[PDB]
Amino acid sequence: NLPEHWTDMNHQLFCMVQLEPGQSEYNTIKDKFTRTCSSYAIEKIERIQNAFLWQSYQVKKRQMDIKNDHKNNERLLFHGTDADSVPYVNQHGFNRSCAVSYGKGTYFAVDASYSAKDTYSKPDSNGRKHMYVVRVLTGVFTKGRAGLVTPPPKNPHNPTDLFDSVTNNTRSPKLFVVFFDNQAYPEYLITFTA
């Protein structure tokens, strides 16, 4: 069940599709980035069409929608990374086994400006920086802490019934951490400069 806005892949399962500037889709993604990164220069935006990652993600979304007995389990977040990690993320998504103050998971920012820090979106030998726009199954979350390897339980009376993710601040989150494969789908890759 590949999404309607994807483009044909000639019977293949993985493609990076460069977006046409000025079209509805490109405009939407660029605006999410310029809300906090208007001082940067966008070189291109690519749609990630990874059928396998999408299928595993959508299975997890359907399960989380059942478990939590509502939708509203998904957020669009940012992830800055180095050039050498981009091929892996495009093909395999996010891997917690690759500062982790809120737990040993994959970190996602609410604001592109956070992911735009050189510590995350490391400029490559050519000055290029890389940031993903990511569908993240944040679900029901709680405050994180150092050394978590999974989210805490929602009630220590049932230690296996877990929060879906953790954050820095439940009332006004700025970051989320997820601790499982296929809780995050890398949807767009922004290539940009300072």
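Numbering starts at 1 and runs along the sequence shown. In this text, the rigid core denotes the largest set of C-alpha atoms whose superposition between the two forms falls within 1.5 Å.
S.K.: Root mean square C-alpha distance from this form after a core fit in 9 other deposited structures of this protein: higher for 75-83 or for 100-108?
M.R.: The stretch that sits farther from the shown form in 9 other deposited structures of this protein is 100-108.
S.K.: Rigid core superposition, C-alpha RMS per stretch in 9 other deposited structures of this protein: which comes out larger, 7-15 or 175-183?
M.R.: Farther on average in 9 other deposited structures of this protein: 7-15.
S.K.: According to the PDB entry, how many deposited residues between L76 and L77 are absent from the model (none, 1 to 3, 4 to 9, 10 or more)?
M.R.: Per the deposited record, the segment joining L76 and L77 has no missing residues.
S.K.: Of 121-129 and 56-64, which one has the bigger average CA B-factor?
M.R.: Averaging CA B-factors over each stretch, the winner is 121-129.
S.K.: Report the stretch with the higher mean CA temperature factor, choosing between 39-47 and 131-139 on the basis of the entry.
M.R.: The recorded data point to 39-47.
S.K.: Between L13, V17, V177, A184, where does the Cα B-factor run highest in the record?
M.R.: Highest C-alpha B-factor among the listed options: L13.
S.K.: Ordered by C-alpha B-factor within the chain, which third holds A109? Give me lowest, middle or highest, please.
M.R.: Tercile = lowest for this residue's CA B-factor.
S.K.: Pull the Cα B-factor of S115 out of the PDB entry and bin it into the chain's lowest, middle or highest third.
M.R.: Within its chain, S115 is a lowest-third residue by C-alpha B-factor, going by the deposited values.
S.K.: What third of its chain's C-alpha B-factors does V89 belong to: lowest, middle or highest?
M.R.: Tercile = lowest for this residue's CA B-factor.
S.K.: Consider only the C-alpha atoms of the modelled residues in this chain, order them by B-factor as the entry records it, and name the third containing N168: lowest, middle or highest.
M.R.: It belongs to the lowest third of the chain when residues are ordered by C-alpha B-factor.
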